[PDB]
Every structure is written in C-alpha cells, then in structure tokens.
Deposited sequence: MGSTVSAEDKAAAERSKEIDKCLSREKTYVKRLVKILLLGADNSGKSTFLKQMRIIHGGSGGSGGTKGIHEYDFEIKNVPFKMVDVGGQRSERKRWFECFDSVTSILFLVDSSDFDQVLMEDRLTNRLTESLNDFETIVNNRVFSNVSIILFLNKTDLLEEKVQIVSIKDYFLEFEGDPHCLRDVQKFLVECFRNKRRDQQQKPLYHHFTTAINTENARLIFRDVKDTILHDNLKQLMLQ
C-alpha cells in the first residue's frame, strides 16, 4: 500500500569500482555519515537513495535498468593496472541498457597521485601523448581524457568525473548533484519542453 509513495521517490545508483579502489572505505564512510552483492539504503537532502554494490553476467544483468547513474571508482595512482580498470569500464559504459544512465567517475587515491607523479613517468605505460610527466594538471587531464575517450558514439547521456583522496564526506553531495542534473535533463522531456 503506502510503499508505492516511497518507491516513487527512490533513486537507484549502481556502484562498480574495481577491488583495489577506495570502494570499501567509501561505503563505510557513507553508512556512518548518513557474501557477494550488497544493497545500501540511505537518504540525502530528504530524497531516498538505494546504492547497489554488485559482485566484483550475460543480459540478466539487465535488471540494472532503472538505475539513474552508474558510479565507477578507479585508483588513479596504480598505473600498471589502470589499463585493466579502463577495459573494465569499457565493457560497462558501452552496454545498450546503460544508454540512458549517466556515468560518474571518481579518480581515487589523488593524494598518492600527487606523490607518484614526482617519481615515475606515466607515458612509459601508454601510447598517447602525455605532456611533461611531473605536472599534476597534465596527469589529471590525461587520465580523465583516456577514460572519457573510451566511450563509443556517446549521445543523450552525460559523463561526470571527480578527484577523490583518502575518504571524505562530500562524495554524497557530488553524486546528488550529478543525479539532480541527470533528472533535470530527463524532466525537460517529460514536461514536453526538451
């Protein structure tokens, strides 16, 4: 009965960063400030959010439609397996059911990135032109563009990206704002206003 007026308010987010990312610390920080698959219910600014920690598989994963946004975590510092994280992302972001869900990237470990950038070349791991290897802004815009340009023929859906340290509270405000902007651009179609 009254469950319909809760399920009608609900936002679903799919969380699917790799095992070496900050994901376990992120879910722990989220749970205190507000076997396999897990499913977390919380509320931001009086909107109920459900966040699904999927098991990290043919089209029965299509039960992840009606997800509003996909949240991806990558450890930016681990240049040796950044290519594996980027191939994992490429199998997600180009699936037909995820044609109308927005993508959020957190580049995690950026407090380790600002040290490793002074110690080792990023260009030694990649084909593309990388600029001078000792600058933060250049490794940041290089990694962001390398993930971004891995999209195939992207239209209608936005992709968002942010830089994340050892864990902090503001991540829930970032994913709220990207979801809000994803739903504003959906609402324009529902309002016959697009």
Checklist line | Gaps in the model (deposited sequence, numbered from 1) | finding: 1-23, 58-66, 89-92, 116-125
